[PDB]
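Student: Can you read through this structure? Questions will come right after.
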Amino acid sequence: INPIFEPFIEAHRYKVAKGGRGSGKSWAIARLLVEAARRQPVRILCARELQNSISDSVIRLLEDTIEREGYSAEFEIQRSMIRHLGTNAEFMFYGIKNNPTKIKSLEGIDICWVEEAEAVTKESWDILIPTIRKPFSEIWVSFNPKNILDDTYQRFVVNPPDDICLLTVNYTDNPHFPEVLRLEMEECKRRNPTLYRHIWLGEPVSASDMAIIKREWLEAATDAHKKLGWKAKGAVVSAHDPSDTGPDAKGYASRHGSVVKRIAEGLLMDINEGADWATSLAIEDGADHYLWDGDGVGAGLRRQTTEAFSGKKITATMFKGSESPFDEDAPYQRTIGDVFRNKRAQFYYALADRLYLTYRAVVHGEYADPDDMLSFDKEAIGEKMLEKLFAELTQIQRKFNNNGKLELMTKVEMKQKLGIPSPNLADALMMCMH
Ligand SMILES: Nc1ncnc2c1ncn2[C@@H]1O[C@H](COP(=O)(O)OP(=O)(O)OP(=O)(O)O)[C@@H](O)[C@H]1O
């Protein structure tokens, strides 16, 4: 048996293994679980978040282990069950989303193994954990970490329970590391160091220290006009971000007063189609104002935009983020110009203060004028889009400036350094602060 896992044979209420791909932690566990089964009448539940059929489950890998060691002649193998013929030990495999009624009813569970545990939401941990309540029962947990603010990572790494054996492992710890995987992993290290550290060295997605917007604010911000009770009041503003000539997706944002109402992504579109797209959406959303990025490829859109808005009262404006700050000589509320390097920084910061405010209002009770907060309308926007947006905002980053000014990493630099695509929803949403 693979020696790092030695602490698991001892008796802990919580046994957790976290790591990257190819760290041999599914194989090891299936091994230990099998060996335990040959020597004790243990009822072993194997639970996952989603199990739409039996093939999604860890049964195939227990059949493979069983055959690999040569134990085949000891076990009974059916469709949804494995049983040891001597000890009478039993494996069963359910999904926590599919059969919550069945999982509460189960009786006498000694060992529960959650696998692919990173997908397991909080509502499932709350349903499961009490059901494994026999004394000296253990709950075994394997997982690759995604975001640092997901429940599973919170529950065991951040705010651990009592009696936890926490093992960390990478491929750097796998004695039998297949070439099939060594290949995928070398390709990755070279093409995208940042995705590599996520995937293979199992480092979770966390807030950078240079980040201007906290995830928590965004959550707080969601439906914050429904939580504090105030309505969308103001002009409607729409923003289009034309992206580039690359694969990256076009952005459109839009709000009514302090409430954001549409976040749309524009796909498979050139500059003019993309132009026609956002232009119609701004008409559709009854925009009073409509801006767009002209810094790059968007510079020549001007004529096509004003022609689209002919007949309607809609101000169209080419926004340039690299230009000096709006009202740069005005004092800061030391001048504006002293404080921001360009309009791009100015308006991401407007956004963040707005967010931060709402967050203080929603979460600590502190008053703030609804004209100063920001609220995401979840029904309007639709949770898919909403999530894409939140993933992007939280990567917007501060970079050093030699004159003490506030300045952001440019989209090109984020793409180059973070290996992420261009944050065009964020950039579209940012432009709405004007
Ligand atoms: N004890 C072992 N003996 C032989 N090969 C092993 C052993 N442990 C791991 N391996 C090899 O390393 C590979 C990775 O194993 P495993 O699937 O457990 O990794 P994992 O941590 O579950 O990764 P993932 O997160 O992709 O599920 C396996 O396919 C296997 O071929």
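We label chains A, B, ... in the order they appear in the structure tokens, count residues from 1 in each chain, and number ligands from 1 in the order shown.
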Write out as a list in words all residues of range 194-252 of chain A that backbone DSSP assigns to strand (DSSP E or B).

Tutor: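 Written out, the strand (DSSP E or B) residues of range 194-252 of chain A are residues 205, 211, 222, 236, 237, 238, 239, 240, 241, 250, 251 and 252 of chain A.
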
Student: Restrict the selected residues to C-alpha atoms and save them as a tab-separated table (two decimals), in the first residue's frame.

Tutor:
chain	number	residue	atom	x	y	z
A	205	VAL	CA	-8.98	29.57	-6.56
A	211	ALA	CA	-8.04	42.32	-6.02
A	222	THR	CA	-27.27	40.02	-5.16
A	236	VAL	CA	-30.91	53.30	-17.93
A	237	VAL	CA	-27.36	52.89	-19.12
A	238	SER	CA	-26.04	50.25	-21.54
A	239	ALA	CA	-22.48	49.30	-22.31
A	240	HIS	CA	-20.99	47.16	-25.06
A	241	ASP	CA	-17.42	45.77	-25.01
A	250	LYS	CA	-18.43	40.17	-26.61
A	251	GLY	CA	-19.91	41.92	-23.61
A	252	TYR	CA	-23.07	43.80	-22.96

Student: Using only C-alpha atoms, determine which residues lie at most 9 Å from residue 49 in chain A, disregarding the query and same-chain residues fewer than 3 positions distant; provide the list as a PyMOL selection string.

Tutor: chain A and resi 94-98+114-117+119-121+124

Student: From a DSSP pass on the backbone, collect the residues of range 56-299 of chain A flagged as helix (DSSP H, G or I) and hand them back as a PyMOL selection string.

Tutor: chain A and resi 56+59-69+72-74+100-105+117-119+122-131+151-158+171-173+179-191+193-199+215-221+224-227+271-284+297-299

Student: Write as a tab-separated table (two decimals) with C-alpha atoms, in the first residue's frame the residues around ligand 1, taking 9 Å as the cut-off and counting only C-alpha atoms and all ligand atoms.

Tutor:
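Below you can see out17.tsv, which holds the result:
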chain	number	residue	atom	x	y	z
A	1	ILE	CA	0.00	0.00	0.00
A	2	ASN	CA	1.06	3.61	-0.86
A	17	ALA	CA	-7.52	13.59	1.24
A	18	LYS	CA	-7.20	16.63	-1.00
A	19	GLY	CA	-5.06	17.07	-4.07
A	20	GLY	CA	-4.54	17.53	-7.77
A	21	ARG	CA	-5.06	15.17	-10.67
A	22	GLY	CA	-2.93	12.05	-10.83
A	23	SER	CA	-2.15	11.96	-7.14
A	24	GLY	CA	-3.38	8.38	-6.81
A	25	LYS	CA	-5.85	9.24	-4.06
A	26	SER	CA	-8.90	7.51	-5.61
A	27	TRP	CA	-6.87	4.34	-6.17
A	28	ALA	CA	-5.39	4.32	-2.66
A	29	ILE	CA	-8.71	4.76	-0.96
A	30	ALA	CA	-10.38	2.05	-3.08
A	31	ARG	CA	-7.48	-0.11	-2.01
A	61	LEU	CA	-12.84	1.19	-9.68
A	115	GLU	CA	-15.82	11.08	-3.75
A	116	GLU	CA	-15.46	14.05	-6.11
A	142	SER	CA	-11.43	12.78	-1.33
A	143	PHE	CA	-11.39	15.93	-3.53
A	144	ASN	CA	-9.57	18.39	-5.81
A	169	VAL	CA	-1.03	15.00	-2.00
A	170	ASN	CA	0.01	15.82	-5.54
A	171	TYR	CA	1.32	13.79	-8.46
A	174	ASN	CA	2.63	9.25	-6.89
A	175	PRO	CA	5.13	6.33	-7.24
A	176	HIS	CA	3.21	4.89	-10.18
A	177	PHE	CA	2.54	8.06	-12.13
A	178	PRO	CA	1.31	7.06	-15.64
A	181	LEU	CA	-0.98	11.74	-17.28
A	199	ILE	CA	-5.26	21.57	-11.57
A	200	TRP	CA	-2.16	19.56	-10.72

Student: Can you work out the spacing between CA of residue 83 in chain A and CA of residue 46 in chain A in Å, to one decimal?

Tutor: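 That distance, rounded to one decimal, is 13.3 Å.
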
Student: Counting only C-alpha atoms, which of A:310, A:159, A:258, A:243 gets nearest to residue 427 in chain A?

Tutor: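 Selected residue with least distance to residue 427 in chain A: A:243.
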
Student: Write out as a list in words each polymer residue whose atoms come within 10 Å of residue 106 in chain A, counting only C-alpha atoms; drop sequence neighbours fewer than 2 positions from it.

Tutor: residues 45, 101, 102, 103, 104, 108, 109, 131 and 132 of chain A

Student: Neighbouring residues of range 422-425 of chain A were defined as those with any atom within 9 Å, considering only C-alpha atoms; residues of the same chain fewer than 2 positions away were excluded. Please report them as a PDB file with N, CA, C and O atoms, in the first residue's frame.

Tutor:
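What ended up in around.pdb:
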ATOM      1  N   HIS A 240     -21.448  48.235 -24.202  1.00  0.00           N
ATOM      2  CA  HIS A 240     -20.988  47.156 -25.065  1.00  0.00           C
ATOM      3  C   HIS A 240     -19.467  47.097 -24.990  1.00  0.00           C
ATOM      4  O   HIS A 240     -18.822  48.142 -24.995  1.00  0.00           O
ATOM      5  N   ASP A 241     -18.884  45.902 -24.902  1.00  0.00           N
ATOM      6  CA  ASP A 241     -17.424  45.769 -25.008  1.00  0.00           C
ATOM      7  C   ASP A 241     -17.064  44.861 -26.171  1.00  0.00           C
ATOM      8  O   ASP A 241     -17.268  43.646 -26.099  1.00  0.00           O
ATOM      9  N   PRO A 242     -16.504  45.457 -27.239  1.00  0.00           N
ATOM     10  CA  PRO A 242     -16.315  44.820 -28.540  1.00  0.00           C
ATOM     11  C   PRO A 242     -15.204  43.802 -28.532  1.00  0.00           C
ATOM     12  O   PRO A 242     -14.968  43.193 -29.569  1.00  0.00           O
ATOM     13  N   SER A 243     -14.523  43.629 -27.409  1.00  0.00           N
ATOM     14  CA  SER A 243     -13.451  42.646 -27.337  1.00  0.00           C
ATOM     15  C   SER A 243     -12.362  42.913 -28.380  1.00  0.00           C
ATOM     16  O   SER A 243     -11.874  44.047 -28.512  1.00  0.00           O
ATOM     17  N   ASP A 248     -12.451  35.529 -27.864  1.00  0.00           N
ATOM     18  CA  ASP A 248     -13.120  36.087 -26.686  1.00  0.00           C
ATOM     19  C   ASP A 248     -14.511  36.647 -26.961  1.00  0.00           C
ATOM     20  O   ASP A 248     -14.789  37.164 -28.045  1.00  0.00           O
ATOM     21  N   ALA A 249     -15.379  36.529 -25.961  1.00  0.00           N
ATOM     22  CA  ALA A 249     -16.801  36.780 -26.141  1.00  0.00           C
ATOM     23  C   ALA A 249     -17.154  38.241 -25.912  1.00  0.00           C
ATOM     24  O   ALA A 249     -16.654  38.867 -24.976  1.00  0.00           O
ATOM     25  N   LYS A 250     -18.030  38.780 -26.756  1.00  0.00           N
ATOM     26  CA  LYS A 250     -18.432  40.169 -26.606  1.00  0.00           C
ATOM     27  C   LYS A 250     -19.309  40.407 -25.389  1.00  0.00           C
ATOM     28  O   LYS A 250     -20.057  39.534 -24.969  1.00  0.00           O
ATOM     29  N   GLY A 251     -19.201  41.604 -24.829  1.00  0.00           N
ATOM     30  CA  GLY A 251     -19.906  41.921 -23.611  1.00  0.00           C
ATOM     31  C   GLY A 251     -20.979  42.955 -23.825  1.00  0.00           C
ATOM     32  O   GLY A 251     -20.844  43.881 -24.631  1.00  0.00           O
ATOM     33  N   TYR A 252     -22.072  42.772 -23.102  1.00  0.00           N
ATOM     34  CA  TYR A 252     -23.071  43.804 -22.964  1.00  0.00           C
ATOM     35  C   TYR A 252     -23.565  43.790 -21.530  1.00  0.00           C
ATOM     36  O   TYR A 252     -23.848  42.716 -20.976  1.00  0.00           O
ATOM     37  N   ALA A 253     -23.641  44.979 -20.930  1.00  0.00           N
ATOM     38  CA  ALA A 253     -24.156  45.163 -19.579  1.00  0.00           C
ATOM     39  C   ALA A 253     -25.219  46.225 -19.687  1.00  0.00           C
ATOM     40  O   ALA A 253     -25.388  46.820 -20.748  1.00  0.00           O
ATOM     41  N   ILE A 263     -27.008  41.152 -18.343  1.00  0.00           N
ATOM     42  CA  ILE A 263     -25.594  40.894 -18.554  1.00  0.00           C
ATOM     43  C   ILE A 263     -25.592  39.885 -19.679  1.00  0.00           C
ATOM     44  O   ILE A 263     -25.912  38.718 -19.454  1.00  0.00           O
ATOM     45  N   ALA A 264     -25.257  40.306 -20.888  1.00  0.00           N
ATOM     46  CA  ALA A 264     -25.337  39.395 -22.010  1.00  0.00           C
ATOM     47  C   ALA A 264     -23.966  39.167 -22.615  1.00  0.00           C
ATOM     48  O   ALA A 264     -23.138  40.077 -22.621  1.00  0.00           O
ATOM     49  N   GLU A 265     -23.723  37.960 -23.123  1.00  0.00           N
ATOM     50  CA  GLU A 265     -22.471  37.660 -23.809  1.00  0.00           C
ATOM     51  C   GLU A 265     -22.725  37.462 -25.294  1.00  0.00           C
ATOM     52  O   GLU A 265     -23.682  36.806 -25.682  1.00  0.00           O
ATOM     53  N   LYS A 388     -20.954  33.728 -14.469  1.00  0.00           N
ATOM     54  CA  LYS A 388     -19.877  34.116 -15.362  1.00  0.00           C
ATOM     55  C   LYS A 388     -19.338  35.496 -14.982  1.00  0.00           C
ATOM     56  O   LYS A 388     -18.117  35.695 -14.873  1.00  0.00           O
ATOM     57  N   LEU A 389     -20.254  36.431 -14.751  1.00  0.00           N
ATOM     58  CA  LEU A 389     -19.876  37.778 -14.377  1.00  0.00           C
ATOM     59  C   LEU A 389     -19.059  37.814 -13.090  1.00  0.00           C
ATOM     60  O   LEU A 389     -18.015  38.470 -13.022  1.00  0.00           O
ATOM     61  N   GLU A 392     -15.530  36.718 -13.243  1.00  0.00           N
ATOM     62  CA  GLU A 392     -14.643  37.672 -13.884  1.00  0.00           C
ATOM     63  C   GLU A 392     -14.253  38.832 -12.979  1.00  0.00           C
ATOM     64  O   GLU A 392     -13.085  39.202 -12.916  1.00  0.00           O
ATOM     65  N   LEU A 393     -15.235  39.416 -12.300  1.00  0.00           N
ATOM     66  CA  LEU A 393     -15.011  40.595 -11.470  1.00  0.00           C
ATOM     67  C   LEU A 393     -13.886  40.366 -10.472  1.00  0.00           C
ATOM     68  O   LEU A 393     -13.046  41.239 -10.241  1.00  0.00           O
ATOM     69  N   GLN A 395     -11.236  38.820 -10.530  1.00  0.00           N
ATOM     70  CA  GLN A 395      -9.889  38.668 -11.057  1.00  0.00           C
ATOM     71  C   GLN A 395      -9.309  40.019 -11.474  1.00  0.00           C
ATOM     72  O   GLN A 395      -8.105  40.138 -11.687  1.00  0.00           O
ATOM     73  N   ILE A 396     -10.168  41.037 -11.560  1.00  0.00           N
ATOM     74  CA  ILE A 396      -9.719  42.411 -11.794  1.00  0.00           C
ATOM     75  C   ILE A 396      -8.691  42.778 -10.719  1.00  0.00           C
ATOM     76  O   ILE A 396      -8.957  42.610  -9.531  1.00  0.00           O
ATOM     77  N   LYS A 411      -6.410  44.284 -19.687  1.00  0.00           N
ATOM     78  CA  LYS A 411      -6.948  42.998 -20.129  1.00  0.00           C
ATOM     79  C   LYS A 411      -5.906  42.106 -20.781  1.00  0.00           C
ATOM     80  O   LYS A 411      -5.811  40.912 -20.487  1.00  0.00           O
ATOM     81  N   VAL A 412      -5.090  42.698 -21.636  1.00  0.00           N
ATOM     82  CA  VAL A 412      -4.003  41.966 -22.252  1.00  0.00           C
ATOM     83  C   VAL A 412      -3.082  41.352 -21.211  1.00  0.00           C
ATOM     84  O   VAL A 412      -2.667  40.216 -21.357  1.00  0.00           O
ATOM     85  N   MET A 414      -3.782  40.556 -18.054  1.00  0.00           N
ATOM     86  CA  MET A 414      -4.491  39.538 -17.279  1.00  0.00           C
ATOM     87  C   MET A 414      -4.535  38.230 -18.044  1.00  0.00           C
ATOM     88  O   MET A 414      -4.357  37.156 -17.484  1.00  0.00           O
ATOM     89  N   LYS A 415      -4.799  38.345 -19.336  1.00  0.00           N
ATOM     90  CA  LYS A 415      -4.822  37.211 -20.222  1.00  0.00           C
ATOM     91  C   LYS A 415      -3.433  36.592 -20.325  1.00  0.00           C
ATOM     92  O   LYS A 415      -3.274  35.381 -20.242  1.00  0.00           O
ATOM     93  N   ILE A 420      -6.346  33.662 -18.290  1.00  0.00           N
ATOM     94  CA  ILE A 420      -7.790  33.731 -18.373  1.00  0.00           C
ATOM     95  C   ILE A 420      -8.122  34.534 -19.616  1.00  0.00           C
ATOM     96  O   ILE A 420      -7.293  35.323 -20.084  1.00  0.00           O
ATOM     97  N   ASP A 427     -15.653  44.433 -17.850  1.00  0.00           N
ATOM     98  CA  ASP A 427     -15.373  45.693 -18.531  1.00  0.00           C
ATOM     99  C   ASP A 427     -16.624  46.384 -19.087  1.00  0.00           C
ATOM    100  O   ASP A 427     -16.677  47.603 -19.153  1.00  0.00           O
ATOM    101  N   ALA A 428     -17.635  45.603 -19.447  1.00  0.00           N
ATOM    102  CA  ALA A 428     -18.901  46.161 -19.883  1.00  0.00           C
ATOM    103  C   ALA A 428     -19.618  46.662 -18.666  1.00  0.00           C
ATOM    104  O   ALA A 428     -20.169  47.770 -18.670  1.00  0.00           O
ATOM    105  N   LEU A 429     -19.600  45.872 -17.601  1.00  0.00           N
ATOM    106  CA  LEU A 429     -20.289  46.325 -16.408  1.00  0.00           C
ATOM    107  C   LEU A 429     -19.605  47.556 -15.799  1.00  0.00           C
ATOM    108  O   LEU A 429     -20.288  48.451 -15.272  1.00  0.00           O
ATOM    109  N   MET A 430     -18.279  47.625 -15.905  1.00  0.00           N
ATOM    110  CA  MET A 430     -17.552  48.769 -15.359  1.00  0.00           C
ATOM    111  C   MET A 430     -17.963  50.066 -16.057  1.00  0.00           C
ATOM    112  O   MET A 430     -18.239  51.063 -15.402  1.00  0.00           O
TER     113      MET A 430
END
